[PDB]
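Per-entry structural report
Listed below, chain by chain, are the residues.
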Amino acid sequence: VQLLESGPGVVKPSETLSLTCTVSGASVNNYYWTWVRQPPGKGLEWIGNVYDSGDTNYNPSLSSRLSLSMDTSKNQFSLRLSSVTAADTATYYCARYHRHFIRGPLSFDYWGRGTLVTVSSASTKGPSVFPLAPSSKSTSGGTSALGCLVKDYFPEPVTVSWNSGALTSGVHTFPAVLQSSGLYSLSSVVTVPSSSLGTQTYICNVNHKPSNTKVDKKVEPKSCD
Amino acid sequence: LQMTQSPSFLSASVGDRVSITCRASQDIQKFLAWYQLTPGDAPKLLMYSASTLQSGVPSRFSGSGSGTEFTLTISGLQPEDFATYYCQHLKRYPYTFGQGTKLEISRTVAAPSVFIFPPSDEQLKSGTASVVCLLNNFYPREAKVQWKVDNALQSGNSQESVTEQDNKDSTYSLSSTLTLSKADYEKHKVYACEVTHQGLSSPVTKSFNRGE
């Protein structure tokens, strides 16, 4: 029995969001399901439930714009959220509302891996990668730090790797930050032996699927030499 | 009906027996469940009906309580037990969760290694400079960063982020960015990154001179 969600990663404000959960190993009609969101910054928030009886058990804070349902032919249950605003941005999870007819409500025992829904007017855009070159300013002992600045991209996410996944030790890819431009920007760095700085080739592999942007940047040392 | 968790953050060593509590604004008898949330994984149910261990969950996890107070207890914390926990009541709708409890590993205080990266010639072409300050592998996670251009303290023209405690050395890393215009960048010489951390008796300053 497995649960996989699917729907847009981005939803333009004031529009209506549509998230769907596909089930496996079980018939949607024979169980009760639910949706829970996690607004970055906050915790967990119960959205509402969906049953075969079509009963209405939604959170009062969403009631007016929410609509849950089940589609037995496609074996899925879904979520409809009208008039989304930045306050609706969050990773949404679908799950099973485990209940026992005599004992009552037990838990939410099967959960999907969730999907991040970002409410933004921003237009899809690829990143521009700049080098964070190793230098006397980024060296201490026999260790030097270098990296890549993935600036101005939308929406999330972008993945980074070094030397096509060959270099992973000492790598640090930071959480991205949203700029007032409405575009994201993160950085990935790596500390490497200072001695290899002339011999070993360092290249960060940036990939942003939303905009089919694949950038490979080589990071060269920077000195007065 | 609200659920309050405490502590919100708890630090412990691997192998310790730790206990998280969850209180309820009202009496919910045993209708309370616990969950483990590690970023990247789907939330895992660990306990329900307050003390019934979920199928496939190591016995080091145990729940107790009824009424308004409940307790989740972990014996011998494992590397992977260090995540965030949330309790939930199921007394009546709307069902709600506690604000969660993040559990991280405690270790010795380590000052960050501060490196600074001036903007790349390539980015300057466009017309905006991004100066980056890196605080690498430090503990505790608390750390403040202040940019100084020609000594003038900066404000509102920088953003930053920290990684999650490393799996290997339990250290944290931080990345700050000073975003100035090209013309504003070619206007000054000294670009300073002032770092404040427990391991540093006094704020350290790592800077460089533009065009040098």
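Looking at the method and resolution fields of the entry, one finds X-ray crystallography and 2.03 Å.

Per the PDB entry, chain B carries the name Fab m18, Light Chain and comes from Homo sapiens. The record for the entry shows the title "Crystal Structure of a Cross-Reactive HIV-1 Neutralizing CD4-Binding Site Antibody Fab m18".

If you look chain A up in the PDB entry, it shows as Fab m18, Heavy Chain from Homo sapiens.

So, about the pattern of salt bridges. Applying the stated criterion to the full structure yields 11 salt bridges over all chains. A:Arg65 is the salt-bridge partner of A:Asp88, the closest N and O atoms lying 2.6 Å from each other. One end of the pair, A:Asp88, is in the loop between strand 7 (76-81) and strand 8 (90-100); the other, A:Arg65, is in the loop between strand 5 (45-50) and strand 6 (66-71), with 23 residues separating them in the sequence. Judged by its relative accessible area of 17%, A:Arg65 is buried. A salt bridge links B:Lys102 to B:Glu164; the nearest nitrogen and oxygen atoms lie 2.8 Å apart. In this pair, B:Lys102 sits in strand 10 (residues 101-105) while B:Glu164 sits in the loop between strand 15 (158-162) and strand 16 (172-181), placing the two residues 62 residues apart along the sequence. Note on B:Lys102: relative accessible area 24%, which makes it partly exposed. Via salt bridges that share partners, A:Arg37, A:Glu45, A:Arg65 and A:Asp88 belong to a single interconnected network.

Residues and elements named next belong to chain A. Domain parsing of chain A yields domain 1 (1-121) and domain 2 (122-220). Centre-to-centre, using C-alpha coordinates, domain 1 lies 35 Å away from domain 2. Contacts between domain 1 and domain 2 engage four residues on the former and five residues on the latter. When the two sides are added together, the surface that domain 1 and domain 2 hide from each other amounts to roughly 360 Å², 57% of it contributed by carbon and sulfur. If you look at where domain 1 meets domain 2, you find zero salt bridges. Across the domain 1-domain 2 interface, the total number found is one residue pair in polar contact. Classifying every residue of the side of domain 1 that touches domain 2 gives one nonpolar, three polar and no charged.

Residue and element names in this part refer to chain A. With respect to the secondary-structure elements, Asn57 resides in the loop between strand 5 and strand 6. We classify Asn57 as buried; its relative accessible area is 17%. At 2.5 Å, the side chain of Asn57 forms a polar contact with the side chain of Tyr51.

Pairing is antiparallel in the open sheet, where four strands are placed in the order 14-13-17-18 (chain B). Of all strands in the sheet, those with a lone pairing partner are strand 14 (152-153) and strand 18 (204-209) of chain B, marking the two edges.

The computed volume of the second largest pocket comes to approximately 760 Å³. When contributions to the lining of the second largest pocket are tallied by element, the ones reaching two or more residues are strand 11 (128-132) of chain A together with helix 1 (121-126) and strand 18 of chain B. A per-element tally of the lining of the second largest pocket places helix 1 of chain B first, with three residues. For the lining of the second largest pocket, the class distribution of residues is 13 nonpolar, eight polar and eight charged.

What counts as what
- Chain by chain, residues are numbered from 1 following the written sequence, and this numbering need not agree with the entry; no residue without coordinates is displayed.
- Chains carry letters and ligands carry numbers; both start at the beginning, A for chains and 1 for ligands, and go up in the order they are written.
- With hydrogens and water stripped out, all remaining heavy atoms of the structure feed into the side-chain values.
- Between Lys or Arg on one side and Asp or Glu on the other, a salt bridge is scored when a side-chain nitrogen of the former is within 4 Å of a carboxyl oxygen of the latter.
- Numbering of helices and strands starts at the N terminus; helices are DSSP runs of H or I of at least 4 residues and strands are runs of E of at least 2.
- Accessible area is worked out with a 1.4 Å probe on protein chains only. A residue is then buried under 20% of its type maximum, exposed over 50%, and partly exposed in between.
- Each domain span listed reflects an automatic or database assignment of domains.
- Residues count as neighbours in contact if any of their non-hydrogen atoms are within 4.5 Å of one another.
- Two parts lose some accessible area (1.4 Å probe) when they are put together, and adding that loss for both gives the buried area.
- For this analysis, a polar contact is any N or O atom pair within 3.5 Å, provided that within protein one partner can donate a hydrogen and the other can accept it, and provided that sequence-adjacent residues contribute only side-chain to side-chain pairs.
- Residues were grouped as follows: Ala, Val, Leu, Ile, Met, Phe, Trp, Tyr, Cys and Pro as nonpolar; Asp, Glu, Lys and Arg as charged; and all remaining residues, including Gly, as polar.
- Pairing between two strands requires that DSSP report at least two bridges joining them.
- Here a cavity denotes a set of grid points, spaced 1 Å apart and computed over the protein atoms alone, in which a 1.4 Å probe fits but from which it cannot get out, and a pocket denotes an open set meeting protein on both sides within 12 Å along at least five of seven lines; residues with an atom within 4 Å of a point are reported as lining.
- Grid points are joined across faces, edges and corners, and a volume is the space filled by probe spheres set on the points.

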